[PDB]
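In: Got a sequence here, can you build the structure:
(chains A, B, C, D and E, ligands or ions: 2)
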Amino acid sequence: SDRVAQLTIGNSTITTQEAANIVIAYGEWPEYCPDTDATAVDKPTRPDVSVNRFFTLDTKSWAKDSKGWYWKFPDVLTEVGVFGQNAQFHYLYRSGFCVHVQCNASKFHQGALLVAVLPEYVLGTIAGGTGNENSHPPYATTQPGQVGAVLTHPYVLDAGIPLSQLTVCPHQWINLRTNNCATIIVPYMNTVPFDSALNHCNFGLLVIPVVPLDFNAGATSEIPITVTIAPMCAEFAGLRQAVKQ
Amino acid sequence: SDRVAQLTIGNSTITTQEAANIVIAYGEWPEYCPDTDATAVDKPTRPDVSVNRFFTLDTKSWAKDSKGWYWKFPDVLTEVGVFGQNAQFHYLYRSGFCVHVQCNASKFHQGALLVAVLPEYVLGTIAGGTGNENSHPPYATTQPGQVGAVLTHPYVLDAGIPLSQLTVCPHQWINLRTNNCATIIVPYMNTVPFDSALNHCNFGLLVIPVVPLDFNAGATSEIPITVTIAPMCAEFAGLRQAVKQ
Amino acid sequence: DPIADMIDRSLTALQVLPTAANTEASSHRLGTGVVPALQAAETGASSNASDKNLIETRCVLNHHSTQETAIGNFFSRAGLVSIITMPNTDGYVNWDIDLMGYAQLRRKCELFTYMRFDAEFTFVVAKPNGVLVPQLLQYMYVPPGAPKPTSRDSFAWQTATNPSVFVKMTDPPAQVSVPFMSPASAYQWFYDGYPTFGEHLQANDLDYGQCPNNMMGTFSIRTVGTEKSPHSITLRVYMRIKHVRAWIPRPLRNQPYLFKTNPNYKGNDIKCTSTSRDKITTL
Amino acid sequence: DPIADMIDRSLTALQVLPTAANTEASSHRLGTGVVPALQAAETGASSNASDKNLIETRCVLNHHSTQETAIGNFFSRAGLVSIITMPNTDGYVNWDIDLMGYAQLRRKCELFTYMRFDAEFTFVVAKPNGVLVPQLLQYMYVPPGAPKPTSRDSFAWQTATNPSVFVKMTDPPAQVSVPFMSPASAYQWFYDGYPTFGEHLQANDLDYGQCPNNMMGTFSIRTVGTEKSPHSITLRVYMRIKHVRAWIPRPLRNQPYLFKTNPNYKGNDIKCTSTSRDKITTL
Amino acid sequence: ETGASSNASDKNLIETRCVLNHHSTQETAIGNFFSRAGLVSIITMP
Ligand SMILES: CCCCCCCCCCCCC/C=C/[C@H](O)[C@H](N)CO
Ligand SMILES: CCCCCCCCCCCCC/C=C/[C@H](O)[C@H](N)CO
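Out: Numbering: from 1, shown residues only, chains lettered A, B, ... in the order given. Ligands and ions are numbered 1, 2, ... in the order given. The structure is reproduced below:
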């Protein structure tokens, strides 16, 4: 009786019939910034309907030998919708999020996905192979946009930390024999109450296939993955002309 | 002690030291639409800071033989600022306005301007000169944008009504020996509570020089005119992808 | 109250005036500082100087009523809106409802911007020389979207839903009452913009000023019989206006009309508003 | 209230636990429907099955304290952060403050994301073979923006505002206390983004991950005299951490470090996290 | 021209929110500004 779920916010609604429970990251709901922690003096703007809604990104293809994908937040939403406009005409933003990942398969397939939200995901290089080069990741790798990039060495997450203890972050599983979706609610986590949206990226969302996808020949060999996200309590301040990046 | 004035709204402030009084058109303040007159069911969005501020348009040049200029509302603001974005991503809008026109000259010049706000300003043609053609104004004439167009036959206002009784509309004067500014506050006047911003234009603002500008040779022969406007209680509804026109 | 930011006037009201205002007595006055004769027309307010502040007046009780200047008595008069002739030659006409075909009623209704009213229509019908011949006629009102009759004996003349009148030529003229039937809250005689979306070009330039809240369908008459009647018919339609409410007055038109759909004027003979004289000093 | 639209929870609170939780007695159980041994790890919650729900247990009162596992006792130990040598040859060195030069303290501090603390610095100084020679030294802390000394006898060594210590080699080691001095509310060891605006290119690609809320200026020592001292000096700096508050834990690094500013690793020898064995069935 | 400085605050020019700040003014006192030892003399005996 808790396997079904419905999330509505804005003018959008997500329904699921085989769903796990809802994960609130660190047990805190997202909220507007109180006066005791505020430092900016200008009155903030709250669009409160046109930015608090479900936005659907692109769709990846799960093969039999896939590595994994990552999206940087809120770089994924900075060119779409009115949230793409308020983040271009202002200097400061502050918002929570609500991530929902869908991937469905039949009763004859098998596989397991590990979804996880990781804050301050700083990428690294392989340092020129032999380890003597002070290499740096380019701008296309660190901030891919709403497409998202693939992983190269997923055992070390391309940052030197192992996959084996990634579950200390808020996380869920998409096991193909029980459920087909995963959902996390993330509050705003930063050292400063407001920040720029074009030079700072708060967290990264990682989808890594631990158990490989396997099926017998003849079944539907096209397994897609689709990510859907929604800001929660977005505020903005510091108006200035449009600067994209 | 009432010759000075200060208007602040948003993050903008207009000051004047030789000003006439403030005109409220038909004695009504602009306001949000109540529930007794509403027909749309979706919850409206109110940006309430980023669109309630003073926007400054371009600057015309008053010569010795000028005819007059007109601006169509809210066509002037539909490509600038975040108000240019919310009017492109929605289907319905509703807002008041506050018009402020500045034109200053010294104590040795003379002239008189008649500012007036006219609702449902439908333009016409000269019908092919001899009057047998069913001519129509083009799209560049009826909706000029934030530049504004000039008048051709100002005695009939290019609509068949004479200039001599234009003062029945809300209006003010800019007489160059007393003041240098004029200000009108217009509420929302339409038969329906919400409307589209790309297919309907509520009112027109007319600036017509009744008494011609005259001075002796040697003075500053460059007299500019600058219009500054500000929406008051803007609401929007009916979200859809961006359509410019 | 965690956020101290989120917690957070009409000018004049109307009154009844049955008669014109009286005139109170006054005397002379000599003083400094107070001056009602000097105004400032720059603020857009009209002057408030009365008679007693400029000259000395007596006391006059007037009982002049202001009844004839109300908008109800100004508009409730039947005026001609249409002339419809059946020489068309097949015994039926389909006339599109447009009440801007005759200039005397168009000038009065264009004095206001928005209007809301109920009408009352009257049909006076005879031959083109006033002659009378006994003849049976049928009127039928067709709403927008309904099928229209294409012949004298079509299936649309069965009038299973449509309102219709059957009347003879020798009878007194027919009269009907029509309620306020717009999708909007009031009719408007001016619409600044285009009715549709999309690109506006020189092929679609005639759309400018056509509001669909005023298009009310069509109107159809016919002779009743299935054969060809041998007489020419001419219909005249008169419309009264009841329960009037108006909004936002406008300047009146001083140029002669050219078409029914747009305010176009003749561009060569721009008529001056006043009749010209010779000198400024001699009347 | 003209608009009816405008008028319009923490999960668990903390508690003190001085000792580890006791174990209560239990018995066997035979029943249907109730099952604590079956869980679902898919929801991201850890299991809540205790010992008594799987086997039968006795009663054990334990008094094991959890004092050593607090974050205050875990971090308040002085560790080496710098080795500074004066063979540089002009009797002075300017060392930029960066506490990520030695891997044993870098691994402990990178376990958390945000940290807020006050430090305590200690300077142990001798010759490069441990030998002792009587010698006068001066330390000077230079905040970011302040002028730096460029010579052994510059005007920056007058220390009119700067905090400074004068200490000899034969003395006990010097100790100071430093408060929390960041412009933000906490230090962070990871910063995903660029510090500046504008275009990011291959010339400015090294800006990625450099947060200016952690750059604290520089540090300068010198021999006091105006001439050239004849001895080689070597300084070792040890830092304790007091009044610790931390936020948002992270996985620990299992690859060896390469530079002080970025998490780059060697891409050829990816070290497996566990030590490998031969067979899965034989330990 | 009168030699007095202006008294216009933030709230009289733009619209502001409510901000409770706890920034102390201790470091700007004259006691903390001057109580630091500085060099005044170099005296040599050759
Ligand atoms: C048996 C009754 C038949 C008569 C039916 C009459 C109904 C139509 C009444 C229309 C009321 C006025 C609507 C608009 C008037 C003008 O034609 C438009 N504004 C044109 O601009
Ligand atoms: C006379 C006292 C001289 C000592 C002055 C020490 C003040 C500097 C203390 C810095 C506190 C840590 C700030 C940042 C630490 C790391 O270097 C950065 N996070 C580098 O990532």
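
In: What residue, apart from its backbone neighbours, is nearest the closest residue to chain A within chain C spatially?
Out: Nearest residue of chain C to chain A, counting by CB to the nearest CB: residue C:2, 4.9 Å away. (C-beta placed from N, C-alpha, C; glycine too.) Excluding its sequence neighbours, the residue lying closest to residue C:2 (CB to CB, 6 or more residues apart in numbering or on different chains) is residue A:34, at 4.9 Å.

In: what's the burial count for the one you found?
Out: Using other CB atoms under 10 Å in any protein chain shown, residue A:34 is surrounded by 13 other residues.

In: what's the answer for residue C:205, then?
Out: By the criterion of other CB under 10 Å, residue C:205 has 15 neighbours.

In: How about it, nearest residue that isn't a chain neighbour?
Out: Closest residue to residue C:205 apart from its sequence neighbours, by CB to CB, 6+ apart: residue B:136 at 4.4 Å.

In: mind checking the SS state of residue A:65?
Out: Secondary structure state of residue A:65, per DSSP: H, G, I helix; E, B strand; the rest coil, is coil.

In: is it true that it touches residue A:154?
Out: No. If you go by CB atoms under 8 Å, residue A:65 and residue A:154 don't touch, sitting 11.8 Å apart.

In: hmm, back to that, quick one: the residue nearest to residue C:2 and chain B, what's the gap?
Out: Using CB to the nearest CB, to the nearest Å, we find residue A:34 at a distance of 19 Å from chain B.

In: Repeat that for residue A:47.
Out: 6 Å.

In: quick one: contacts for that residue?
Out: Taking CB atoms under 8 Å, 6 or more residues apart in numbering or on different chains, we find residue A:47 in contact with A:82, A:86, A:234, A:236, B:45, B:47.

In: so of those, which ones are in helices?
Out: Members of the contacts of residue A:47 lying in helices (criterion: DSSP state H): residue A:86.

In: So which of the contacts of residue A:47 belong to strands?
Out: residue A:236 (DSSP state E).

In: can you tell me which two in the contacts of residue A:47 are farthest apart?
Out: Greatest spatial distance in these: A:236 and B:45, 13.5 Å, computed using CB to CB.

In: From the neighbour counts alone, determine which of the two ranks first.
Out: Applying other CB under 10 Å to residue A:236 and residue B:45 shows that residue A:236 carries more neighbours, namely 26 against 22.

In: what residue lies at the spatial centre of chain A?
Out: With distances taken as CA atoms, centre = their mean, the residue of chain A nearest its centroid is residue A:205 (3.9 Å).

In: which residue sits closest to the residue in chain A that chain D sits nearest to, ignoring its sequence neighbours?
Out: Nearest residue of chain A to chain D: residue A:126, at 2.5 Å (CB to the nearest CB). Leaving aside its chain neighbours, residue A:126 sits nearest to residue D:267 (2.5 Å; criterion: CB to CB, 6+ apart).

In: tell me the SS of the one you found?
Out: Following three-state DSSP, residue D:267 is assigned to coil.

In: out of everything not next to it in sequence, what's closest to residue C:266?
Out: Computed as CB to CB, 6+ apart, the closest residue to residue C:266 that is not its neighbour in sequence is residue B:131, at 3.6 Å.

In: make that residue A:139, sorry
Out: residue D:200 (4.5 Å).

In: just to revisit the earlier point, the residue nearest to residue C:2 and residue E:17, how far apart?
Out: Distance, residue A:34 to residue E:17, using CB to CB, to the nearest Å: 11 Å.

In: do residue C:280 as well
Out: Residue C:280 is 63 Å from residue E:17, where distance means CB to CB.

In: picking up where we left off before, now the contacts of residue A:47 in CSV, with distance to residue A:72?
Out: Listed next are these as CSV, based on distance: CB to CB, whole Å:
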residue, distance to residue A:72
A:82, 21
A:86, 19
A:234, 18
A:236, 20
B:45, 27
B:47, 27
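
In: Enumerate the residues of chain C near chain A.
Out: Remark: the part of chain C in contact with chain A comprises C:2-5, using CB under 8 Å from any CB of the partner chain.

In: What about those, which one has the most neighbours?
Out: Busiest of the residues of chain C next to chain A [other CB under 10 Å] is residue C:5, holding 16 neighbours.

In: For that residue, which residues are in contact?
Out: Shown in contact with residue C:5 (CB under 8 Å, 6+ apart): A:35, A:43, E:17-18.

In: switch to 10 Å and redo it
Out: The contact partners of residue C:5, by CB atoms under 10 Å, 6 or more residues apart in numbering or on different chains, come to A:32, A:35, A:38, A:43-44, E:15-19.

In: ok, those vs residue B:212, which is closest?
Out: Using CB to CB, residue E:15 is the member of these that lies nearest residue B:212, at 42.0 Å.
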